[PDB]
Amino acid sequence: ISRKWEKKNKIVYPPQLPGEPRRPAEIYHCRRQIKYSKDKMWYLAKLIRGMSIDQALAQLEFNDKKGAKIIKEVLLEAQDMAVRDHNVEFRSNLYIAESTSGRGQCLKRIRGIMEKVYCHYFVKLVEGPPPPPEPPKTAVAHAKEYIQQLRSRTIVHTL
Amino acid sequence: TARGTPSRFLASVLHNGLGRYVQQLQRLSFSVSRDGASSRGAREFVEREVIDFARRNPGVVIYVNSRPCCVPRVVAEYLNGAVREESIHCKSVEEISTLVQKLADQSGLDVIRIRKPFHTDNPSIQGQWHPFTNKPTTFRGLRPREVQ
Amino acid sequence: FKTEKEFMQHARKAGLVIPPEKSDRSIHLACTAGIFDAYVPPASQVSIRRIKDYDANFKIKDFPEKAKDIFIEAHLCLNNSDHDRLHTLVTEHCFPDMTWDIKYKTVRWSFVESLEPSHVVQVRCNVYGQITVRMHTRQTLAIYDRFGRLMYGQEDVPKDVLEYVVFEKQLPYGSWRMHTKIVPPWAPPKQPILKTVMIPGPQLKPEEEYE
Amino acid sequence: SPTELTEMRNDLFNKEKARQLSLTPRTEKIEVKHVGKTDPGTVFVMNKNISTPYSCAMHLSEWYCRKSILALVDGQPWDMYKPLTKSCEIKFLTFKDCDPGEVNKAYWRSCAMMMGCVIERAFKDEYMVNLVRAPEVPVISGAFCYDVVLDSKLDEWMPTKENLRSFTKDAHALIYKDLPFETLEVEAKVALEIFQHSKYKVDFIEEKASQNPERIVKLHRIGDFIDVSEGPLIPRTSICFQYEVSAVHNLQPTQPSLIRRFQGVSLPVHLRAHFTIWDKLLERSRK
Amino acid sequence: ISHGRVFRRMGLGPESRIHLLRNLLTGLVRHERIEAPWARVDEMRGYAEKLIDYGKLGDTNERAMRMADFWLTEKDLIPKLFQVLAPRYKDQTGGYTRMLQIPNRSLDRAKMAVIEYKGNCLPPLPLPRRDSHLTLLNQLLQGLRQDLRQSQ
Amino acid sequence: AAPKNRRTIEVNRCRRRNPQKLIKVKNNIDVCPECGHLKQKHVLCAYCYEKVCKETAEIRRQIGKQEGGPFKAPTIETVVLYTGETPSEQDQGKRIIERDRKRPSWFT
Amino acid sequence: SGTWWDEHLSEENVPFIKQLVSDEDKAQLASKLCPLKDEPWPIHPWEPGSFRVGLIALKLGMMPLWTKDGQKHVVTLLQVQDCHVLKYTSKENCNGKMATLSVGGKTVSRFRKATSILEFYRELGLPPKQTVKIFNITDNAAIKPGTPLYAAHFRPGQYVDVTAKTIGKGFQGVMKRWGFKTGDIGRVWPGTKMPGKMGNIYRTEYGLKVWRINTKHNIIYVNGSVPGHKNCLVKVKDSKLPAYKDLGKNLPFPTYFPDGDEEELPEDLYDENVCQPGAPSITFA
RNA sequence: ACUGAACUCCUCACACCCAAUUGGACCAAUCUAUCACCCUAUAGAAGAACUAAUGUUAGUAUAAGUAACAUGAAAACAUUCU
Ligand SMILES: [Mg+2]
Ligand SMILES: [Mg+2]
Ligand SMILES: [Mg+2]
Ligand SMILES: [Mg+2]
Ligand SMILES: [Mg+2]
Ligand SMILES: [Mg+2]
Ligand SMILES: [Mg+2]
Ligand SMILES: [Mg+2]
Ligand SMILES: [Mg+2]
Ligand SMILES: [Mg+2]
Ligand SMILES: [Mg+2]
Ligand SMILES: [Zn+2]
């Protein structure tokens with residue numbers, strides 16, 4: 001057992017200066033010992049990894065898997081503590097920065113050993129609009145990269 | 001091995017031989033136990049050799065700290081802000097003298113792999129080879145199968 | 001659960017018989033559940049005798065000076081979060097009420113000169129002395145966050161504060177500590193907040209309606 | 001100078017926003033009850049002359065930001081980025097409402113103004129372009145219009161297909177920029193200060209400041225382009241999905257100068273039409 | 001290869017699929033609205049409308065009374081099929097049922113459906129409405145219809 | 001047969017993280033206009049359907065009270081009535097299921 | 001979100017758009033009925049060694065057809081439904097050995113095509129066809145793009161090759177698919193016969209006699225069996241079989257033109273050996 | 001003629017490429033004696049060193065989220081039907 005992710009909401013930053021950009025909020029939440037496997041949660045956790053919380057909620061209400069409901073409870077809970085506890089003004093203005101799933105303390109049942117599998121779920125929400133997705137690189141980017149690799153090369157193994 | 005280790009090119013610190021030569025070793029910091037069997041050769045080094053050494057190069061400032069250590073060290077600091085900490089643990093005076101002169105003689109650059117054994121900054125004098133050295137020109141700059 | 005009745009009814013339905021056991025040690029309280037006589041703001045030399053018969057070296061003419069230093073110093077213990085001094089300066093009815101909500105955020109309270117002299121108002125009374133004081137001051141606040149961004153009050157600008165601070169003393173080793181702070185019902189609203197709030201309506205299950 | 005026009009107009013605009021926010025009583029906080037069909041009876045406790053209906057939508061969800069377009073503030077149509085003024089009541093109006101009249105009108109006014117933003121910066125510099133107005137065309141009538149007076153050089157000019165196509169390409173360049181529509185309710189003196197170099201828009205400001213009991217006049221800014229509207233507008237340029245400048249017509253009773261009207265048709269990202277339906281809506285938008 | 005195979009194979013045989021469908025049809029004649037899984041519902045929808053077409057053949061018809069006797073496992077519903085449902089639909093010739101999808105079943109995540117019989121006393125379903133005729137696109141197309149009517 | 005070697009996490013990660021095994025972001029999802037809870041297109045709103053389900057549940061309970069015992073399907077059409085509503089002239093010759101709440105906004 | 005054409009239309013506007021778009025499809029099919037009163041391309045006579053256009057036809061089904069020798073011939077019907085020439089590409093732009101005509105059949109909804117296709121058919125002036133097949137063709141046969149091809153492009157007696165997707169049987173094993181059931185070779189050769197997806201592939205039946213064409217309903221009555229299910233689209237070209245490479249003398253060479261109005265055709269052309277219905281019952285005397 | 005080695009030369013350094021076997025020089029950590037006192041020294045001792053015994057125990061992989069397993073139906077959850 002380690003429990004470092006719960007403590008991450010207790011970092012206190014020194015107050016800022018007027019000539020300094022506003023730091024976005026960061027809300028670390030998790031659930032432990034979910035009775036589900038860590039590699040079935042990987043798909044649900046992977047699904048929502050840059051989405052706004054409204055898009056994440058909306059995608060998990062219509063998913064048929066067992067873990068979707070659990071993650072939806074974790075995200076509604078973290079939206080609550082986002083606003084109440086951590087000074088986020090808009091409920092809507094969050095996005096999922098981190099969503100992973102580790103393994104939990106499993107049990108062993110003798111039938112012939114069979115593991116009762118548990119998992120956790122870790123989410124960091126960050127205040128702000130979700131960052132724009134990475135554009136696919138164009139033929140201009142490929143051509144510049146190639147030519148820059150040609151400009152880069154040296155006479156090798158000499159002076 | 002070379003693919004595990006970092007590498008660098010052969011360099012100086014501030015063109016160290018061009019104008020004048022500057023000793024790259026600023027500080028030595030000896031720390032020597034008073035009662036302690038490992039810093040015996042350090043003790044006999046402070047008593048015999050460190051004053052002669054300190055006079056043979058005055059650009060180096062030497063600090064002998066003499067606390068109760070369990071392993072004695074020397075800490076060489078260089079002009080480019082590198083720090084080499086070496087132990088003089090259970091060494092004779094002669095071995096410490098060769099180590100301290102070794103630290104004096106070298107510079108602060110890393111003793112990682114050096115790629116080439118040389119470093120010109122002006123490698124070419126007659127002009128570096130491009131594919132139109134050693135080619136004749138044509139009349140009116142024509143190329144093959146050019147009509148006019 | 002939400003109360004003791006819910007837990008004892010759940011322990012009766014479950015079968016958890018908790019025997020009330022007799023212990024010779026009890027809890028040695030040094031405070032009071034609230035205020036003896038609620039001083040409602042716009043003859044009690046009885047209780048001054050009932051204080052001087054225990055303390056016997058006590059000048060009220062010097063006390064609102066002392067009540068200033070018990071006040072101000074306590075508030076400076078919020079600037080550093082020094083709880084160990086606050087237990088000397090403030091009561092245990094008053095310690096959570098001033099330090100709980102302020103946790104995980106930095107406050108930068110400061111005092112500047114009083115508009116009026118602080119003056120004692122009333123005094124009441126195993127024995128708990130209790131003295132209410134009127135203070136009319138100028139203070140500064142800046143409550144920041146976990147992330148160090150301002151959520152209450154301009155840092156420089158002083159504001160005029162009325163403070164009906166109630167002190168309390170145990171009557172062996174105790175002293176005068178802030179017990180509470182009466183806020184009158186006529187008092188003006190405080191500073192507004194830098195952020196905006198949505199307040200939800202009733203969350204309706206499908207079987208009910210909004211009216 | 002045209003660059004001096006846009007610079008001096010935007011500077012007068014920012015003088016009016018700078019005076020507009022300076023007259024705050026330091027974050028007064030007014031509350032607005034969400035009088036609406038769904039998610040009912042939620043008050044928003046908001047900053048007075050700062051927070052807009054868009055921020056109320058942001059308190060609710062991403063859904064009410066993306067789908068809502070006007071706001072019935074006390075039964076009055078309001079922009080999403082117009083700052084609120086007092087304790088009020090908000091509905092949020094979308095395109096797919098039961099009776100979305102004011103949203104069709106707002107969309108229509110918006111597309112005419114975006115068109116004017118394309119027209120002014122379309123011609124090469126030696127040609128005087130002069131935007132008289134955007135008349136209130138019904139949405140059933142086929143196409144949003146914009147009346148423009150052109151230079152005497154282009155008295156006999158009629159654009160080709162490629163010139164209307166170049167107008168649309170500038171319009172999709174104007175959509176892609178994703179520009180909000182700033183608003184300012186300004187009294188008529190500063191309104192006449194900004195447009196002090198166009199007889200037509202001066203007379204328009206005068207006719208509209210004569211309609212309210214104050215001298216109050218709505219100004220809107222897309223990006224570096226100011227115009228006078230009759231009412232509210234769309235929140236952003238990014239809402240217009242399909243957009244075509246379809247035709248140019250010349251009005252007939254034109255003795256002083258040509259009141260040369262432009263035609264266009266457009267649909268939002270919400271009410272996209274299929275390609276064939278869109279072609280028939282192009283055809284009908286050329287009358 | 002199942003080209004042109006029109007029947008779902010269900011239950012644990014052909015006989016058992018006809019008894020499953022018969023239980024669903026009995027449920028829907030009794031209650032006039034059913035949640036059941038989707039494939040079972042549209043199979044049974046085919047049977048339900050045919051059953052009313054036998055209900056319109058008259059009470060006195062012998063063949064209709066044989067079909068109703070088979071298909072309705074509760075015998076009190078056979079007066080209902082010949083005096084409530086068949087008189088209700090005596091006007092229209094088809095389309096006696098409506099089917100929609102529910103969200104998926106909580107238990108095993110099955111595609112769910114409702115069929116009801118049209119025009120029943122029960123509270124109405126939240127039917128999927130077309131978009132309003134007063135929207136932007138619908139007003140443009142209304143205007144275009146007005147112009148193509150102006151051609152004559 | 002049995003596996004000749006043990007597959008590595010590099011091969012495995014390439015197997016169980018390629019897009020054929022990832023969950024597809026679906027975009028059928030709208031907001032129900034009546035309730036504001038987000039529904040899916042082509043599917044009824046879960047919330048509004050739960051409303052209608054609960055009211056058919058009370059109505060069917062009172063059907064069961066007025067019938068009494070099994071095998072009592074009436075040969076008559078039925079009409080649901082709420083508090084303070086006269087049966088209409090159209091509602092004559094129909095059994096009546098009186099309710100105790102108000103007529104809903106959506107029942108008609 | 002993605003949309004479809006019907007999504008935002010009211011109840012009032014859905015049959016309006018059906019009648020509108022359907023009526024423009026009928027008008028566009030009706031405008032192309034006069035290719036020669038238009039400005040066609042120069043019509044050349046048949047030269048020995050030239051190729052002409054094919055068709056695209058529905059497979060209607062089969063029926064028997066008795067010849068004068070009293071032998072059955074099972075015959076597929078192939079209706080030509082809205083066949084038209086779509087684009088001509090010369091051999092220079094093709095970089096193939098021969099010029100090509102693109103021809104498409106069976107008008108299909110405009111609400112269900114990619115916009116590049118709808119721009120293509122919009123410029124061409126036609127409602128979009130379901131399939132477009134490409135014909136290798138000489139320069140002499142090149143009808144202008146946008147012209148109707150009819151059933152009487154073929155005539156009875158002509159032999160014909162038909163290509164269509166075969167009826168897909170899905171994943172089948174070895175006994176159905178291939179019809180059966182080394183050590184030192186440590187591997188399975190390419191092209192080994194194994195289970196897999198049977199059918200749903202293009203196959204061509206070569207050299208099929210055309211027995212009878214029906215000019216009114218535009219049916220071709222072809223000998224034997226054609227690949228594909230009923231109501232499938234087939235590509236009907238003249239046969240490449242070298243026993244049938246020279247009989248393009250009597251065939252109308254660019255294509256058959258009813259617009260030419262010269263010696264118009266009956267209801268149904270029959271081959272000489274076909275027992276027509278309505279003929280007296282045949283006797284072998 | 002040129003290329004071509006760990007051969008030979010060249011600049012500096014040299015105790016620094018065999019099985020089993022056998023000779024030697026050092027030595028990790030531990031405990032004891034006495035030092036030492038941010039981790040050591042001189043000795044004395046010993047359960048004194050593991051990439052390998054289908055080793056022993058425990059953990060966790062892989063095969064694998066695979067094989068396999070499970071709840072007749074509608075409903076008022078009363079009940080009825082198959
Ligand atoms: Mg089965
Ligand atoms: Mg091999
Ligand atoms: Mg050698
Ligand atoms: Mg050692
Ligand atoms: Mg051992
Ligand atoms: Mg080991
Ligand atoms: Mg083994
Ligand atoms: Mg081992
Ligand atoms: Mg396997
Ligand atoms: Mg299986
Ligand atoms: Mg079972
Ligand atoms: Zn709903």
Side-chain angles (χ1 to χ4, degrees), chain A residues 36-43 65-67 103 105-106 108 111-115 117 119, chain B residues 31-43 65 67-73 87-91 117, chain E residues 10-13 15-37 40-41 43-44 48 70-77 105-110 112-116 122, chain F residues 1-13 15-17 21 53-73 97:
Chain A
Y36 201 50
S37 73
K38 66 170 175 189
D39 49 356
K40 292 179 182 154
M41 288 284 289
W42 186 77
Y43 293 99
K65 294 184 174 193
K66 181 189 171 93
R103 80 185 288 261
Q105 302 206 357
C106 300
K108 287 178 188 166
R111 294 174 67 86
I113 305 296
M114 171 188 86
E115 284 79 8
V117 193
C119 75
Chain B
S31 70
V32 173
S33 63
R34 178 192 60 193
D35 303 314
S38 61
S39 66
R40 174 179 33 153
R43 275 174 290 192
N65 294 120
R67 63 208 170 162
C69 64
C70 201
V71 164
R73 266 73 174 249
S87 73
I88 52 174
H89 182 81
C90 281
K91 285 179 176 176
Chain E
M10 283 174 175
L12 42 93
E15 184 166 16
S16 69
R17 76 169 272 276
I18 221 132
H19 295 320
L20 288 184
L21 297 175
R22 186 171 68 176
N23 286 317
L24 285 179
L25 204 154
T26 306
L28 171 104
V29 172
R30 187 172 194 83
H31 300 290
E32 284 174 358
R33 181 188 291 171
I34 273 188
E35 305 177 2
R40 301 187 186 172
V41 173
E43 197 79 17
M44 182 262 296
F70 182 79
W71 278 99
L72 291 175
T73 60
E74 304 171 11
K75 307 287 106 162
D76 55 331
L77 297 180
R105 184 191 278 166
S106 291
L107 306 173
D108 55 343
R109 290 296 178 175
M112 292 295 298
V114 170
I115 41 167
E116 75 181 4
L122 273 312
Chain F
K4 175 176 85 184
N5 290 119
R6 163 252 167 74
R7 276 183 180 156
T8 63
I9 189 59
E10 307 159 345
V11 172
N12 287 323
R13 277 178 203 138
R15 178 174 73 258
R16 61 184 82 145
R17 287 168 192 231
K21 286 189 175 180
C53 276
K54 295 187 79 60
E55 194 67 29
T56 61
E58 279 106 8
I59 291 168
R60 283 167 170 170
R61 286 184 187 98
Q62 279 172 350
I63 290 169
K65 289 177 192 167
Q66 292 186 9
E67 284 185 354
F71 313 118
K72 294 294 182 64
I97 298 149

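Chain identifiers are assigned alphabetically (A, B, ...) following the order of the sequence lines, protein sequences preceding nucleic acid strands; residue numbering begins at 1 within each chain.
Considering only side-chain N and O atoms, F:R7 lies under 4.0 angstrom from the phosphate OP1 or OP2 of H:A63. Here F:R13 does not reach the OP1 or OP2 of H:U62: none of its side-chain N or O atoms lies under 4.0 Å away. Residue F:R15 places at least one side-chain N or O closer than 4.0 Å to OP1 or OP2 of H:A63. Within the 4.0 Å cut-off from OP1 or OP2 of H:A61, at least one side-chain nitrogen or oxygen of A:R103 is found. Taking 4.0 angstrom as the limit, B:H89 places none of its side-chain polar atoms (N or O) nearer than this to OP1 or OP2 of H:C39. Contact check, F:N12 against H:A63: a side-chain N or O comes under 4.0 Å of OP1 or OP2.
Remark: bases of strand neighbours H:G65 and H:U66 are unstacked by the 5.5 Å centre distance and 30° plane angle definition. Base stacking between strand neighbours H:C10 and H:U11 is absent under the criterion of six-membered ring centres closer than 5.5 Å and ring planes inclined by less than 30 degrees. In this strand, H:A53 does not stack on its neighbour H:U54 by the test of ring centres under 5.5 angstrom and planes under 30 degrees. Classification of the H:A6/H:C7 step: not stacked, the six-membered rings not being both closer than 5.5 Å at their centres and less than 30° apart in plane orientation. In this strand, H:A68 stacks onto H:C69; the six-membered rings sit under 5.5 Å apart at an angle under 30°.
What separates CD1 of B:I88 from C1' of H:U40 is a distance of 14 Å, to the nearest Å. The nearest whole Å value for the distance from the CZ atom in B:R43 to the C1' atom in H:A41 is 10 Å. One can place CG of A:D39 at 14 Å from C1' of H:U60, the figure rounded to the nearest angstrom. Per the geometry, CG belonging to B:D35 stands 18 Å off P belonging to H:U34, to the nearest Å. To the nearest angstrom, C1' of H:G72 lies 14 Å from CD of E:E15. At whole-Å resolution of the value, NZ in A:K40 and P in H:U66 are 7 Å apart. If you take CD1 of F:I9 and P of H:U60, they are 16 Å apart, rounded to a whole angstrom. For the pair E:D108 CG and H:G72 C1', the computed distance is 14 Å after rounding to whole Å.
H:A49 and H:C27: their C1' atoms are spaced 11 Å apart (whole Å). For the P atoms, the distance from H:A43 to H:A28 is 13 Å, rounded to whole Å. Comparing H:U57 with H:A63, their P atoms are spaced 26 Å from each other, to the whole Å. Taking atom P in both H:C16 and H:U8, the straight-line distance is 15 Å, to the nearest Å. Atom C1' of H:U42 sits at a distance of 8 Å from the matching atom of H:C35, rounded to the whole Å. Annotation: H:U32 and H:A48 have their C1' atoms spaced 15 Å apart (nearest Å). As rounded to the nearest Å, H:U62 and H:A74 have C1' atoms that lie 48 Å from one another. Across the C1' atoms, H:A29 and H:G47 are found 14 Å apart, a figure rounded to whole Å.
Base orientation of H:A76: syn, the glycosidic angle falling within 90° of 0. Classified by its glycosidic torsion, H:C38 falls in the anti category, the angle being over 90° from 0. Annotated as syn: H:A6, whose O4'-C1'-N torsion sits within 90° of 0. Against the 90° criterion about 0, the sugar-base torsion of H:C77 places it in the syn range.
More than 12 heavy atoms of other residues, nucleotides or ligands lie within 6.0 Å of CD in A:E115, so this atom counts as buried by the packing criterion. The number of heavy-atom neighbours closer than 6.0 Å to CZ of E:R17, taken from other residues, nucleotides and ligands shown, is above 12. The environment of E:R33 atom CZ is dense: over 12 non-hydrogen atoms of other residues, nucleotides or ligands sit within 6.0 angstrom.
Minimum atom distance to the side chain of A:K108 is reached by H:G59, of the listed H:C37, H:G59, H:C39. With H:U62, H:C39, H:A41 as the choices, the nucleotide that has an atom nearest any side-chain atom of F:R6 turns out to be H:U62.
Between F:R16 and B:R34, the one whose closest nucleotide on RNA chain H sits nearer the 5' end is B:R34.
Taken together, H:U56 and H:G24 do not qualify as a Watson-Crick or G-U wobble pair under the 3.5 Å criterion applied to both distances. Here H:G44 is matched with H:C31 as a Watson-Crick or G-U wobble partner, both contacts being under 3.5 Å. Between H:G23 and H:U51 there is no base pair of the Watson-Crick or G-U wobble kind with both donor-acceptor distances below 3.5 Å. With the cut-off at 3.5 Å for both distances, H:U79 forms a Watson-Crick or G-U wobble pair with H:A74. Nucleotides H:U30 and H:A20 fail the base-pair criterion, which asks for a Watson-Crick or G-U wobble arrangement whose two donor-acceptor distances both fall under 3.5 Å. H:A52 and H:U22 make neither a Watson-Crick nor a G-U wobble pair with both donor-acceptor distances under 3.5 Å.
Between the side chain of B:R43 and the backbone N or O of B:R34 there is at least one donor-acceptor pair closer than 3.5 Å. With hydrogens and angles disregarded, no donor-acceptor distance shorter than 3.5 Å links the side chain of E:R105 to the backbone of E:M112.
Because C1'-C2'-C3'-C4' is negative for H:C16, its sugar is assigned to the south class. Sugar pucker annotation for H:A70: south, assigned from a negative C1'-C2'-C3'-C4' dihedral. Using the sign of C1'-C2'-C3'-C4' as the criterion, H:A6 is classed as a south pucker. Pucker assignment for H:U71 gives south. The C1'-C2'-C3'-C4' angle has a negative sign. Judged by the sign of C1'-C2'-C3'-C4', the furanose ring of H:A52 adopts a south, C2'-endo-like conformation.
Remark: H:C39 base-pairs with no nucleotide in the shown strands. Criterion, Watson-Crick or G-U wobble with two distances under 3.5 Å. With both pairing distances under 3.5 Å, H:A6 is matched to nothing as a Watson-Crick or G-U wobble pair.
Residues F:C53 and E:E35 come closest through the heavy atom pair SG-OE2, 3.4 Å. When every heavy atom of E:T26 is checked against every heavy atom of E:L77, the shortest pair comes out as O-CD1, 3.6 Å. The two residues A:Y43 and A:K65 make their nearest non-hydrogen contact at CB-NZ, 4.1 Å. The heavy-atom pair separating E:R40 from E:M10 by the smallest distance is CA-CE, 3.7 Å. Smallest separation of non-hydrogen atoms from B:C70 and B:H89: O-CE1, 4.1 Å.
Going from atom CG of E:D76 over to atom CZ of E:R30 covers 5.0 Å, rounded to the nearest 0.5 Å.
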Treat primed atoms plus P, OP1 and OP2 as sugar-phosphate and everything else as base, then score nucleotides 74-82 of chain H 5' to 3': B for base contact with protein heavy atoms under 4.0 Å, S for sugar-phosphate contact only, - for none. SSBS--SSS

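A side-chain contact (heavy atoms from CB on, under 4.5 Å) with F:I59 holds for exactly one of F:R61, F:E55, F:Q62; it is F:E55.
At the heavy-atom level, B:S33 lies under 4.0 Å from the strands shown only through sugar-phosphate atoms. Residue F:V11 is out of contact with every strand shown, counting any heavy-atom pair closer than 4.0 Å. Among the atoms of the strands shown, only primed sugar atoms or phosphate atoms (P, OP1, OP2) are found under 4.0 Å from some heavy atom of B:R73.
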